[PDB]
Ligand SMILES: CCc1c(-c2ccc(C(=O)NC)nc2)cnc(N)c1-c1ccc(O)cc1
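Listed next as structure tokens is one chain, alone, in the form solved without the named molecule.
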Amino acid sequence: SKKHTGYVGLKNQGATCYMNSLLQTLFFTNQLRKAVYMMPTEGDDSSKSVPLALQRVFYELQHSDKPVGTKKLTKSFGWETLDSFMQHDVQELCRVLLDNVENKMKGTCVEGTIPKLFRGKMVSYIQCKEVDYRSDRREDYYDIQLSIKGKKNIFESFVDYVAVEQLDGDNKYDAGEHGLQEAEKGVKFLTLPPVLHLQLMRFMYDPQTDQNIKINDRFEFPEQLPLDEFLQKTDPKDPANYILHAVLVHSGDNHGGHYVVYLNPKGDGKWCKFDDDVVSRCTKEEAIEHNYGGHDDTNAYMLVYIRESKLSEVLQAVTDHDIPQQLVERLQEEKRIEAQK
């Protein structure tokens, strides 16, 4: 309900699984929302424009009192069924949406916005111990998938992510003209993006069974997340102190089940729980501490963090002015014609 919280829900579409969680997470990334409204979609066809459908949802989430539909957006990118959602993960859907949006933004006033918000850079290195050979690759990333099994927390997951693997014994390094070799393998963060998307690896392959078994472990994650010690070169002018923004959560059976996002939309520690059409207020503890794990003696799977330095910019106030007039004309013209029944 909008009166209690200020925010509105999305319609209970069970087929969607994790979409409603992601849409809210992306909508309350305000800098994206403003940029999305600027996309020049006056050209595009209503039924099939992914940019337009994400403008429609955003528009409505901002303006509506009653819960917001997603039927037109699901039809655009072509994941109408439950199996289309099951087959993919949340980060892949986030790529399907943002890769459309970034591509529409090229050659516009709002180009670069998706990399501005979401794209960090990292080095993957292989280094031989005895011989002088080193292979570096630079990779961009839009999201980090962290290991949780045996890890108490995010600090420990990052320790693991960056930690150095030894290529010795049977699994030595094939080092070209220099032959098979004892070597160190590792990864190093260069930049951490303003909006940081972390997936927690809740599934592993199992040797017996021949299937993916889920992990219902206590995995602790903090409101304030310092990450300078996981960068190669730090900056005193801009530390990598991250502030928690959203927590995406699953419960119940995997073949379906119930999805919720917990959110901190102003970044002021005032938490709400977005259960599909029912937005409500909740404690910090309901959002953070209570979504840690199977502690009776429900699991968090994605976490969003925002860079403290970039917080005011990222979560800048959206106004009705920030949506173009022609887009307001178009989207109200649908609501005029569709109501006329």
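We call the rigid core whatever largest set of C-alpha positions still superposes within 1.5 Å between the two forms. Numbering starts at 1 and runs along the sequence shown.
S.K.: Taking the other compared PDB entries with both flanking residues modelled, is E285 unmodelled in at least a third?
M.R.: Per the records, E285 is modelled in all the other entries.
S.K.: If you look at the other compared entries where the surrounding residues are built, does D296 lack coordinates in a third or more?
M.R.: Missing in at least a third of the others, so yes.
S.K.: Quick one: classify how much of the deposited chain lacks coordinates between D65 and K66, choosing none, 1 to 3, 4 to 9, or 10 or more.
M.R.: The entry has no gap there; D65 and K66 are joined directly.
S.K.: Per the record, averaged over C-alpha atoms, which has the higher B-factor: 111 to 119 or 160 to 168?
M.R.: Stretch with the greater average CA B-factor: 160 to 168.
S.K.: Give the stretch, out of 170 to 178 and 135 to 143, with the larger mean C-alpha temperature factor in the deposited entry.
M.R.: Going by the record's values, the stretch with the higher mean is 170 to 178.
S.K.: Of the choices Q55, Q31, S312, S49, which one's C-alpha carries the largest B-factor in the record?
M.R.: The C-alpha B-factor peaks, among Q55, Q31, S312, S49, at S49.
S.K.: From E223, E92, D238, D268, can you pick the one with the highest C-alpha B factor in the entry?
M.R.: If I rank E223, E92, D238, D268 by C-alpha B-factor, first place goes to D238.
S.K.: Quick check for you: using the entry's CA B-factors within this chain, is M201 in the lowest, middle or highest third?
M.R.: For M201, the deposited C-alpha B-factor lands in the lowest third.
S.K.: How does the C-alpha B factor of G14 compare with the rest of the chain: lowest, middle or highest third?
M.R.: Top third by C-alpha B-factor.
S.K.: By the record's CA B-factor, is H245 among the lowest, middle or highest third of residues in the chain?
M.R.: As the PDB entry reports it, the C-alpha B-factor of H245 lands in the lowest third of its chain.
S.K.: Going by what the PDB entry lists, where does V260 fall on CA B-factor within its chain: lowest, middle or highest third?
M.R.: For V260, the deposited C-alpha B-factor lands in the middle third.
S.K.: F189's Cα B-factor: lowest, middle or highest third of the chain?
M.R.: As the PDB entry reports it, the C-alpha B-factor of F189 lands in the lowest third of its chain.
Not on display, but discussed next: the form deposited with the named molecule bound.
S.K.: What I'd like checked is whether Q166, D168 and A175 together line the named molecule in the bound PDB entry, meaning each has a non-hydrogen atom within 4.5 Å of it.
M.R.: No, because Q166, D168 and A175 lack any heavy atom that approaches the named molecule to within 4.5 Å in the bound PDB entry.
S.K.: Find out whether any non-hydrogen atom of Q91 is located within 4.5 angstroms of the named molecule in the bound PDB entry, and reply yes or no.
M.R.: Close contact exists here: in the bound PDB entry, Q91 approaches the named molecule to within 4.5 Å, heavy atoms only.
S.K.: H245 near the named molecule in the bound PDB entry, any heavy atom under 4.5 Å?
M.R.: Answer no; every heavy atom of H245 is more than 4.5 Å from the named molecule in the bound PDB entry.
S.K.: At 4.5 Å between heavy atoms, is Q199 in contact with the named molecule in the bound PDB entry?
M.R.: Residue-level check for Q199: yes, a contact with the named molecule.
S.K.: For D99, is any heavy atom within 4.5 Å of the named molecule in the bound PDB entry, or not?
M.R.: Result yes; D99 sits at the interface with the named molecule in the bound PDB entry.
S.K.: Quick one: find which of 138 to 146, 264 to 272, 228 to 236, 67 to 75 has residues within 4.5 Å of the named molecule in the bound PDB entry by heavy atom distance.
M.R.: Stretch with heavy atoms near the partner: 138 to 146.
S.K.: Would you mind picking the one in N103, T81, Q224, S124 that has a heavy atom within 4.5 Å of the named molecule in the bound PDB entry?
M.R.: Answer to the contact question: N103.
S.K.: Though the named molecule is not shown, can you say which of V36, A53, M302, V314 has a heavy atom within 4.5 Å of it in the bound PDB entry?
M.R.: Only one option qualifies, and that one is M302.
S.K.: Let me spell it out: fit the two forms on their rigid core, measure each listed C-alpha, and pick the one of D238, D160, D99, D174 that moves 2 Å or more between this form and the one not shown. Which is it?
M.R.: Just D174.
S.K.: Once the core is aligned, does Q224 move its Cα by at least 2 Å between this form and the one not shown?
M.R.: After core superposition, the displacement of the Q224 C-alpha between this form and the one not shown stays below 2 Å, so no.
S.K.: When you overlay the rigid core, is the Cα of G256 off by 2 Å or more between this form and the one not shown?
M.R.: Moves: yes, 2 Å or greater.
S.K.: After a rigid core superposition, would you say the CA of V131 moves by 2 angstroms or more between this form and the one not shown, or not?
M.R.: Moves: no, less than 2 Å.
S.K.: Answer with closer or farther for the CA-CA spacing of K72 and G256 in the bound PDB entry compared to the shown form; it moves by 3 Å or more.
M.R.: Those two alpha carbons end up farther apart in the bound PDB entry.
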